[PDB]
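**Student:** as they sit in the full assembly, here are the leading chains:
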Amino acid sequence: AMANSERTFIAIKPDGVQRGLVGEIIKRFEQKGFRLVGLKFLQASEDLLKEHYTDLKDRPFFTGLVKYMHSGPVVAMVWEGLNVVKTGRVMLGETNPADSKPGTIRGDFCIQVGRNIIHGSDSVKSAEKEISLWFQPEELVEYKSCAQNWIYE
């Protein structure tokens, strides 16, 4: 119930993996001071993706999104820290890469909406839902970062 232990779901999409951005993206979260809790590599099924993007069932791009997210492996991640959901999105940049600012992950590394390299949860509620959807509870590891007292007061 601690603010500093909030968690978010970050997924590196198949274009991110294919273009070699996995380390660069993870690096950005480490240097910010957030803590890695969950990490895995899989080719997501369409049933998983249909559940993940369930709020978009009725959008013309939903079919192409589900099937594109299936077309290659993704990196699934859970990161933990104070306001990690909100600050994650800031670090990611705007969902539509056209408006992402240089310095953000999307603003620095991608161009088009169908190919926006990354996803991050839009709310603490979406996060807990997405974490449970992609991770099993035993796949989430907690540890104390040696630099915790220098990240948090």
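**Tutor:** Sure thing, it's come through. Residues are numbered from 1 along each chain as shown, chains lettered A, B, ... in the order given.

**Student:** report the buried residues of stretch A:24-35.
**Tutor:** A:25-26, A:28-29, A:33-35 (16 or more other C-beta atoms under 10 Å). Every residue, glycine included, has its C-beta placed from N, CA and C.

**Student:** my bad, stretch A:102-118
**Tutor:** In stretch A:102-118, counting by 16+ other C-beta under 10 Å, buried: A:104-110, A:116-118.

**Student:** quick one, what contacts residue A:21?
**Tutor:** A:12, A:109, A:117 (C-beta atoms under 8 Å, 6 or more residues apart in numbering).

**Student:** quick revisit: what's the closest of the buried residues of stretch A:24-35 to residue A:147?
**Tutor:** residue A:33 (7.3 Å; C-beta to C-beta).

**Student:** surely the closest one meets residue A:148?
**Tutor:** No: checked against C-beta atoms under 8 Å, the pair residue A:33 and residue A:148 is beyond contact range at 9.1 Å.

**Student:** so how far is stretch A:98-117 from its chain's centroid?
**Tutor:** Distance of stretch A:98-117 from its chain centroid, counting by C-alpha atoms, centre = their mean, to the nearest Å, is 14 Å.

**Student:** show me what that stretch is in contact with.
**Tutor:** With contacts defined as C-beta under 8 Å, 6+ apart, stretch A:98-117 is touched by A:12-13, A:15-16, A:19, A:21, A:24-25, A:28, A:61, A:64-65, A:68, A:90-97, A:118.

**Student:** next up, chain B:
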Amino acid sequence: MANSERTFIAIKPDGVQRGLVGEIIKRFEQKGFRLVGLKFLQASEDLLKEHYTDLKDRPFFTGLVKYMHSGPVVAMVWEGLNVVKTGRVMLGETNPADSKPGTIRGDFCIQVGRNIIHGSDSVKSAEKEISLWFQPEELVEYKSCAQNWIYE
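**Tutor:** Now chain B, sitting on the chains shown earlier:
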């Protein structure tokens, strides 16, 4: 074809002198834009008076043409979806004082007369600046191996 749009980017003589050529090209590559043209030359004053012809009546114009002739520049053509507008965002505000950190100008320079880089401000200007600095046979068209992961 929206994905084939081109913009002219020029690394100005201070950008070449301060060692920023690779860093600037690296940013356009890692963004996903595709290099089409690349040369290194000391631009002539006639070329520069035509490049900055809209500034002909401004009090800084003669100094701009003269300074831009004082060293070699790196002339580039980049291709991609909305590469003109997005390229300008990557460059930062023309005035380095208002450039945001993360942009080329925000990270790498300070003052307006030494703003290290230029990019076309419109599709119409890009087409003119490309034809002004590059000959058609100097612009190379190839398919990036990541084309299907950059564009849907």
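
**Student:** please re-evaluate the buried residues of stretch A:24-35 in the presence of chain B.
**Tutor:** For stretch A:24-35, a neighbour-count test (16 or more other C-beta atoms under 10 Å in any protein chain shown) marks A:25-26, A:28-29, A:33-35 as buried.

**Student:** do the same with stretch A:128-143
**Tutor:** A:128-131, A:134-135.

**Student:** among the residues you listed, name the ones in helices.
**Tutor:** Counting by DSSP state H, the buried residues of stretch A:128-143 place A:128-131, A:134 in helices.

**Student:** near chain B, which of the buried residues of stretch A:128-143 show up?
**Tutor:** Among those, proximity to chain B is found for none (C-beta under 8 Å from any C-beta of the partner chain).

**Student:** point me to the residue of chain A nearest chain B.
**Tutor:** In chain A, the residue that lies nearest chain B is residue A:103 (2.7 Å; C-beta to the nearest C-beta).

**Student:** how close does residue A:104 sit to residue A:10?
**Tutor:** Relative to residue A:10, residue A:104 is positioned 13 Å away (C-beta to C-beta, to the nearest Å).

**Student:** with residue A:147 instead?
**Tutor:** In this view, residue A:147 and residue A:10 are 20 Å apart by C-beta to C-beta.

**Student:** what about residue A:97, how many residues nearby?
**Tutor:** Counted with other C-beta atoms under 10 Å in any protein chain shown, residues neighbouring residue A:97 total 27.

**Student:** sorry, wrong one. I was asking about residue A:153.
**Tutor:** Neighbours around residue A:153, by other C-beta under 10 Å: 5.

**Student:** slot chain C in:
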Amino acid sequence: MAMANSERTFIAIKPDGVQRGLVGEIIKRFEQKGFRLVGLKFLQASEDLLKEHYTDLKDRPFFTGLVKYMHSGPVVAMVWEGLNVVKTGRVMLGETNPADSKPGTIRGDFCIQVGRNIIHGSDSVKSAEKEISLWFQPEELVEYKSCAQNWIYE
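**Tutor:** The block that follows adds chain C to the chains above:
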């Protein structure tokens, strides 16, 4: 080239900045921006120094915990010089509150919480002159001409 280009600001890397190994990365950003380094030292600031440094915050509820924490480890104190370096230096640092710091800034990229914002920079020219005189003796500020001066300033 002008003496407006001689403006100076005080930048201090806080104990969290030193502990988390950001000293080089921070100095790099000022170097690659074109600012010139004028003073650089490494010390554990005394409480008298810190209280005088944050004299304007003497009546703030976080003052005692700010002064003790800044004393709890060593800091890197720097003086940088350049046109509008005070204002531009605050832009590079990002918002004082890390939550509002944009990506691309020092705080937006490297820290999370207000008590641990890794870096301080003078907020005005008057603050800078008072802070530089507070942390650096005149003999510890070195002036030299950058080989790139003529390509940074017109």
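
**Student:** what do you get for the neighbour count of residue A:153 once chain C is counted?
**Tutor:** 14.

**Student:** pretty sure it contacts residue C:111?
**Tutor:** No: Residue A:153 is beyond contact range of residue C:111, at 11.4 Å (criterion: C-beta under 8 Å).

**Student:** beta partners for the nearest residue to residue A:84 once chain neighbours are set aside?
**Tutor:** Nearest non-adjacent residue to residue A:84, counting by C-beta to C-beta, 6 or more residues apart in numbering or on different chains: residue A:8, 4.6 Å away. Residue A:8 has these beta-bridge partners by DSSP bridges: residue A:79.

**Student:** report the contact partners of residue A:8.
**Tutor:** By C-beta atoms under 8 Å, 6 or more residues apart in numbering or on different chains, residue A:8 lies in contact with A:78-80, A:84-85, A:88, A:120-121, A:127.

**Student:** my guess is residue A:121 meets residue A:92, correct?
**Tutor:** No: counting by C-beta under 8 Å, residue A:121 does not reach residue A:92; the two are 10.1 Å apart.

**Student:** shared neighbours of these two, which are they?
**Tutor:** With C-beta under 8 Å, 6+ apart, residue A:121 and residue A:92 have common neighbours residue A:10.

**Student:** what about burial for the contacts of residue A:8, which qualify?
**Tutor:** Using 16+ other C-beta under 10 Å as the burial test, those include A:78-80, A:84-85, A:88, A:120-121, A:127 as buried.
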